[PDB]
K.L.:
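Let me begin by handing over the structure; questions about it come next.
Computation of the quantities below employed the complete heavy-atom set of this structure, encompassing side-chain atoms and omitting hydrogens, waters and symmetry-equivalent molecules. Lettering of chains follows the sequences in order, A, B, ..., and the numbering in each one begins at 1.
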Number of protein chains: 4
Amino acid sequence: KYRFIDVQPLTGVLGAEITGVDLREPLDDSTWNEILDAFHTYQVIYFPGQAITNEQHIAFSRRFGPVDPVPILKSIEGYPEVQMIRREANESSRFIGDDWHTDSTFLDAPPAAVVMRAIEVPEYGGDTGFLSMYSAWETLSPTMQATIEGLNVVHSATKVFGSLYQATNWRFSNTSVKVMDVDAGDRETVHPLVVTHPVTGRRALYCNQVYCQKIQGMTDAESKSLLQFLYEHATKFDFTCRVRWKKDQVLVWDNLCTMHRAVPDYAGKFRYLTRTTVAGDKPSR
Amino acid sequence: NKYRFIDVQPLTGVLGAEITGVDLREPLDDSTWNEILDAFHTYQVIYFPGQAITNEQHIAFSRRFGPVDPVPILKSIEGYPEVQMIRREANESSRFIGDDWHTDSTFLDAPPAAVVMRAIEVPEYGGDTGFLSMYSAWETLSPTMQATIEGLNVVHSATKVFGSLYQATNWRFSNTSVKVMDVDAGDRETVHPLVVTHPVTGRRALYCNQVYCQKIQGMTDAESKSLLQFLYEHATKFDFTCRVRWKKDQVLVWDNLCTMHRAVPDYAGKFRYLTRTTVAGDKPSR
Amino acid sequence: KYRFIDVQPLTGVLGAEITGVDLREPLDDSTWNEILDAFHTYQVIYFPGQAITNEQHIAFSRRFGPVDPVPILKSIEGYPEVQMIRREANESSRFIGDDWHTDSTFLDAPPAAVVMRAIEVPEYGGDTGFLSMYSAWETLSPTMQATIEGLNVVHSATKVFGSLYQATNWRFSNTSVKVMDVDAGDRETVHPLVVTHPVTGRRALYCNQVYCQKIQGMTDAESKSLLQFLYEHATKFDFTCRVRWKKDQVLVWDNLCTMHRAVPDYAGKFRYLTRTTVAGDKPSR
Amino acid sequence: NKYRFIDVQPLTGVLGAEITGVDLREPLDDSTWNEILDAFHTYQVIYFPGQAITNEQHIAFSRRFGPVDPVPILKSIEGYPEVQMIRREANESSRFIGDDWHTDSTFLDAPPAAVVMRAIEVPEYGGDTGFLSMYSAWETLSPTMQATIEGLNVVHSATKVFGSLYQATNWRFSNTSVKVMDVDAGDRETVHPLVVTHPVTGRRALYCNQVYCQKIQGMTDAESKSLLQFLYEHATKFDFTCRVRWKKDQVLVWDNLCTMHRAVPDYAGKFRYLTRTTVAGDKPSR
Ligand SMILES: C[C@@H](Oc1ccc(Oc2cnc3cc(Cl)ccc3n2)cc1)C(=O)O
Ligand SMILES: C[C@@H](Oc1ccc(Oc2cnc3cc(Cl)ccc3n2)cc1)C(=O)O
Ligand SMILES: C[C@@H](Oc1ccc(Oc2cnc3cc(Cl)ccc3n2)cc1)C(=O)O
Ligand SMILES: C[C@@H](Oc1ccc(Oc2cnc3cc(Cl)ccc3n2)cc1)C(=O)O
Ligand SMILES: O=C(O)CCC(=O)C(=O)O
Ligand SMILES: O=C(O)CCC(=O)C(=O)O
Ligand SMILES: O=C(O)CCC(=O)C(=O)O
Ligand SMILES: O=C(O)CCC(=O)C(=O)O
Ligand SMILES: [Cl-]
Ligand SMILES: [Cl-]
Ligand SMILES: [Co+2]
Ligand SMILES: [Co+2]
Ligand SMILES: [Co+2]
Ligand SMILES: [Co+2]
């Protein structure tokens, strides 16, 4: 069915490799329409072998929507919108993003999408996992769905760069991570536990252990119990795929309907990807 | 306190009350009965020490609470089909009856409303019964959690007690107090709401128990297990419980809709014998 | 079998009422020997109807061992060793001791025992629960016992009056609780997970959720998992008893082989008991 | 890297490797075989894309790893009792074979040492197999936790797969690939250590799986459940896993002692067919 690009789905759940296109060149309307369709169908799409410039990265990201950096990451000099996920070979700090999450959900309007490009990565190690929150939602019984669909969740960055972060002893390195204001870390926002994607109209479960503090209105014990069940459910191996990186692979993921995590199995090896983030609207039900 | 015809001594700040100043061998005037019924509705489990009543007076007093109807599983005393036994011979090595939190016979389309239990001969110590309030278990859920669960129903059956799950496992009750039952009666399912309204007080109570509840209707096995596990942990917190110690001729009534109870098995090697008459109820409803 | 006192066990597991003795008077050797035997047998013993003076309380406690206040509680004026568990009718703060624990196990040598006396208590509400850690230990399989008997646990007061306490929003009232130094709150000690009682020689499980931070040498996830199973096991209703208070009831509990908790079911009612604490040796295996 | 006769491309930093530069239709010289065996021991699961071998060459290549012996439950291809099928017709609505973390046939006194699996016809996408390293699951337990558990043994049986627990439940495998089995063979127990030493590498591996492990020997049901649940959660973290995608004529070998695997059921409605020969092992030991 695709005529302007070649798409090879990665699993029966999510993920697709796209080839037959050169992202260094402008895309005609037909080629862009297929790309966007593949992005909305497969949720995480990746293009091996795209030796693009940083400006081309920026422009390509702009096709998905307004570009706008996430609060915590350092950017390359000359490009505030091009942020780094960079780990030096000798680092001993915590690996960025090494549990399931989606990005910056403590924001009133988290990103819609992220476009990541491998600069220099290990021959093996440092895969990124993804999973579908559409599948997590769809595999809940209708009874379970009706039960939880009216709930909201309180999100904040407290464990990442607020008071809880300051409490613990593990730190990120300053290679890619900025020093942040503690109160900014502890500012709370509220999102729906079940969101409707604004383009596809499909529903997705929307919670993550990194930023979700509690179910709004619940006791700590009620909220901890529901959220724990939902995390176990959503992170079943069945709902995941695994993306392996090579130099100049460019990947886009939908930040509303997927979760992702870094795999820290390359200790002692240099790894560097850049990324631009695409702004989103307020998550809504 | 407000009581003028009976003396009531509440047992904890959550449920339970001792009632004295009354002789259950004699008939009760309307004034004394109304206060007893009121104390039953206010305290959920009430008990009357020192009541040396006959089996017939036990039956008659039970009847004041509602029609009397034995539960399926228990043997009864000779000459009194309505008076059933909770009896454990000293030597027994079988499972102790009722030794986890439950309420009685909820596999029935219409479980009992109440039970009236009377001590015949019990150990100097050991063999207390614990009780907890399902009004309190419900009221301490957040308004959010209440709204979340109030439309759910739960499938109950006796499969673990005298159905296929019972037949599959190794432990048994002795035949001292427990009849042989049909396996299909054991496996027969009924559905009740997760949250019920008491037909007299109008108050709401959480309604689930691990002995007879199989699953939340319409949910997957893992969803149901996970929610019911949380509710069991919530309702069985020590703060919601009271503990009743038995003495010969103590007579006790519990509300079988808004409480749970469990036997404490801490008297192995000692004889224990209580009788009970069960008072019938209506379909639990929302 | 008791000839100098009358003892009435409370449950088949632990607990005993003692009568037939006047604690306002000196005890002969025979009466004291029976008291101590009952204390070692039943683990928590209580004497209704003992209108004693504070000095008599102190002296009676001294028969069990050296007396020595616990760090957190305020004492009555004129008697540093007589501490208060006092809640005013109008209080809205956290109830002292409202989860299962044993006292001050963050100390290198926690108390051996505590002697508590009711001054003024509600007609109903404010029971104290107790449970036996001998029974908790004895109902573990031999295989489970051999598995865990070599483990140690790190204890500290951090959740009660150290950094974790400072983090949260709930506070105890200053009615009975002193302001404490944070570092004193966070000082760690190490005890055996399975201790041998120094008088009876019987073994007891020794862990509590209030002061135990983690199994020494374990990861956070391993330790949280074992300790959770042990707490669920030890706090089964089967292992508990419940003590109801009346004015001038004097009770002694063994602080090594039991746990206890306050029951907060008297909101809006005044409740006041005093207590002296009896010093112990370093818990050992 | 150190390899001079084969090209090996590791799959993740934990386990798994692709091997190219070799034609399994031809015999392997000692030098090429030694490197393959070494890569098997180093990477635990290895796979060879593009190997259009006959069933006989499949059998012969398997044999290089150890004596070949079919597992009890799977049907075999006509004319090759040692070559068993993992085959799912497009229309099937039965349970997917192997769809949770396990290692093969651990109810046996001596489970297989390895399996060699070959894709005949598989979906364009969907039907990957996941693998994880039980060396890594063991090595990431603290020294304290290791000392704690290293003396324990676990009781295994096939009761959930083709024993009484299977017969009691509702789901079934189809008869496409699965034989009817004797219920008593299903319920027969064996005991293995919780922590095993690999008989060639000498390295230690955690050894438990939820499909066949019933309980820690000597423990109570609640103790065993609670410890095994923790170990399952620990060993199945995403960080310890790799995922293999299948293509026609890919041939893959896994170590059945130091890994676990699971089928991913994400291809309903599509035909999938792999064959496999199982290589026999010795009693797992400490
Ligand atoms: C860029 C990105 O920022 C991060 C940074 C790190 C991150 O990964 C984790 C994983 N586990 C964590 C666990 C704890 Cl207890 C605390 C913090 C944790 N952080 C997730 C998102 C974002 O969101 O845009
Ligand atoms: C009279 C009464 O009958 C019983 C009998 C026993 C009973 O107690 C338990 C407790 N835990 C159990 C656990 C399992 Cl796996 C099986 C059976 C169990 N039975 C609860 C009710 C009733 O309801 O009228
Ligand atoms: C006198 C006594 O001091 C206390 C004071 C309070 C206490 O009770 C609790 C119960 N649950 C708690 C829960 C949390 Cl998260 C924190 C603190 C908690 N404290 C236990 C012991 C002692 O030990 O001698
Ligand atoms: C060939 C292989 O055979 C099987 C077949 C199926 C299998 O997969 C599962 C997964 N989860 C299961 C869960 C339950 Cl409750 C029951 C049976 C289950 N079976 C695991 C091994 C073997 O070992 O040789
Ligand atoms: O390094 C990775 O694979 C992903 C890190 C991540 O979570 C992120 O960039 O937001
Ligand atoms: O023996 C007891 O204390 C209670 C037994 C019980 O559960 C019952 O009679 O239903
Ligand atoms: O108030 C109570 O019943 C007990 C409080 C307590 O834990 C203590 O005094 O140590
Ligand atoms: O189908 C698969 O991917 C693996 C099935 C499996 O578990 C097995 O063959 O033992
Ligand atoms: Cl009647
Ligand atoms: Cl052979
Ligand atoms: Co991220
Ligand atoms: Co009962
Ligand atoms: Co205390
Ligand atoms: Co298998």
Side-chain angles (χ1 to χ4, degrees), chain A residues 14 23 32 35-36 39-40 42-47 50 52-87 95-119 121 128-131 133 155-157 160-161 172 175-181 184-185 187 189 191 195 197-199 204 206 208 210-212 243 245 248-262 271-284:
Chain A
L14 89 167
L23 299 187
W32 169 248
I35 289 174
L36 198 54
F39 173 64
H40 291 144
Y42 296 106
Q43 308 165 57
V44 187
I45 57 170
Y46 56 94
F47 306 76
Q50 307 286 342
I52 60 177
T53 63
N54 292 139
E55 296 89 344
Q56 283 160 355
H57 189 170
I58 286 168
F60 175 66
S61 305
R62 187 64 185 77
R63 310 247 17 203
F64 292 88
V67 304
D68 195 28
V70 295
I72 199 180
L73 291 178
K74 286 180 173 196
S75 45
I76 311 292
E77 203 186 25
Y79 313 94
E81 339 295 322
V82 182
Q83 288 177 297
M84 302 187 308
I85 296 280
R86 189 186 171 112
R87 193 182 176 80
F95 286 73
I96 293 156
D98 68 342
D99 222 310
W100 293 108
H101 65 286
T102 201
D103 278 2
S104 307
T105 67
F106 60 89
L107 288 173
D108 290 341
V114 176
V115 358
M116 179 163 283
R117 173 261 184 96
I119 297 289
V121 299
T128 305
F130 292 95
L131 59 82
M133 298 292 258
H155 295 236
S156 72
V160 191
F161 65 81
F172 299 109
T175 305
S176 299
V177 172
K178 299 165 135 189
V179 176
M180 306 295 283
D181 176 62
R187 186 189 178 276
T189 188
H191 302 304
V195 291
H197 191 281
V199 176
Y206 193 66
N208 74 87
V210 172
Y211 298 119
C212 288
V243 171
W245 294 97
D248 293 341
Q249 172 158 284
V250 169
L251 173 147
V252 186
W253 75 75
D254 187 304
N255 199 71
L256 184 83
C257 67
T258 69
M259 287 212 290
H260 61 276
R261 64 178 301 159
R271 177 177 182 264
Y272 181 24
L273 299 101
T274 50
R275 51 171 279 163
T276 57
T277 298
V278 353
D281 298 324
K282 251 195 183 49
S284 108

K.L.:
If you compare all heavy atoms of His155(A) against all heavy atoms of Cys212(A), which two are closest, and at what distance to 0.1 Å?
P.N.:
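For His155(A) and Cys212(A), the tightest heavy-atom pair comes out as CE1-SG, 3.3 Å.
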K.L.:
Please give me the minimum heavy-atom distance between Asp108(A) and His191(A), naming the atom from each residue.
P.N.:
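Residues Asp108(A) and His191(A), closest heavy atoms: O-CE1, 3.3 Å.
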K.L.:
Where does the angle between the aromatic ring planes of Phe106(A) and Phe161(A) fall among parallel (under 30°), tilted (30 to 60°) and perpendicular (over 60°)?
P.N.:
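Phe106(A) and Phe161(A): perpendicular rings.
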K.L.:
Considering residues at least two apart in sequence or located in another chain, which fulfil the salt bridge (charged side-chain N to carboxylate O under 4.0 Å, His left out) criterion with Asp98(A)?
P.N.:
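Scan of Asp98(A) (salt bridge (charged side-chain N to carboxylate O under 4.0 Å, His left out), adjacent residues dropped) gives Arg94(A).
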K.L.:
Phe47(A) and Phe60(A): aromatic ring centres closer than 6.0 Å?
P.N.:
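For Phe47(A) and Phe60(A), the ring centres are under 6.0 Å apart.
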K.L.:
Would you check if the side chain of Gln43(A) reaches a backbone N or O of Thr258(A) as a donor-acceptor pair within less than 3.5 Å?
P.N.:
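No; zero donor-acceptor contacts below 3.5 Å.
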K.L.:
Kindly give the heavy-atom pair with the smallest separation between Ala279(A) and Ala112(A), and that separation in Å.
P.N.:
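Scanning both residues completely, I find the closest heavy atoms to be O-CB, 3.5 Å.
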K.L.:
Taking the side chain from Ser176(A) and the backbone from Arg86(A), do they hold a donor-acceptor pair closer than 3.5 Å?
P.N.:
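Checked: pair present.
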K.L.:
In terms of relative ring orientation, are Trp253(A) and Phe130(A) parallel, tilted or perpendicular, with 30° and 60° separating the classes?
P.N.:
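Because their plane-to-plane angle lies in the 30° to 60° range, the rings of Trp253(A) and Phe130(A) count as tilted.
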K.L.:
Among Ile85(A), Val160(A), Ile72(A), which one satisfies side-chain contact (heavy atoms from CB on, under 4.5 Å) with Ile96(A)?
P.N.:
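Running side-chain contact (heavy atoms from CB on, under 4.5 Å) over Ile85(A), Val160(A), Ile72(A) with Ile96(A) returns exactly one hit, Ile85(A).
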K.L.:
As a quick check of understanding, evaluate side-chain contact (heavy atoms from CB on, under 4.5 Å) for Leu251(A) and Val44(A), giving each step before the final call.
P.N.:
CA-CA 7 Å; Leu251(A) 173 147; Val44(A) 187; 3.7 Å; yes
K.L.:
Over all heavy atoms of both residues, which pair between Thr189(A) and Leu107(A) is shortest? Give the atoms and the distance, please.
P.N.:
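Heavy atoms of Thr189(A) and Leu107(A) come nearest at CG2-O, 3.7 Å.
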K.L.:
Would you say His197(A)'s side chain and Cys257(A)'s backbone share a donor-acceptor pair under 3.5 angstrom?
P.N.:
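Absent.
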K.L.:
Are any side-chain N or O atoms of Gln50(A) and backbone N or O atoms of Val250(A), one a donor and one an acceptor, separated by less than 3.5 Å?
P.N.:
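The answer is no, because no donor-acceptor pair under 3.5 Å joins these two groups.
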K.L.:
Between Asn208(A), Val243(A), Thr128(A), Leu131(A), which is the residue that forms a side-chain contact (heavy atoms from CB on, under 4.5 Å) with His260(A)?
P.N.:
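It is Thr128(A); the other options fail the test.
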K.L.:
So which heavy atom on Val210(A) is nearest to which on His101(A), and how close?
P.N.:
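So the minimum-distance heavy-atom pair works out to CG2-CB, 3.7 Å.
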K.L.:
When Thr276(A) is tested against each of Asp68(A), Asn54(A), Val114(A), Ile58(A) for side-chain contact (heavy atoms from CB on, under 4.5 Å), which residue passes?
P.N.:
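Answer after filtering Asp68(A), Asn54(A), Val114(A), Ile58(A): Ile58(A).
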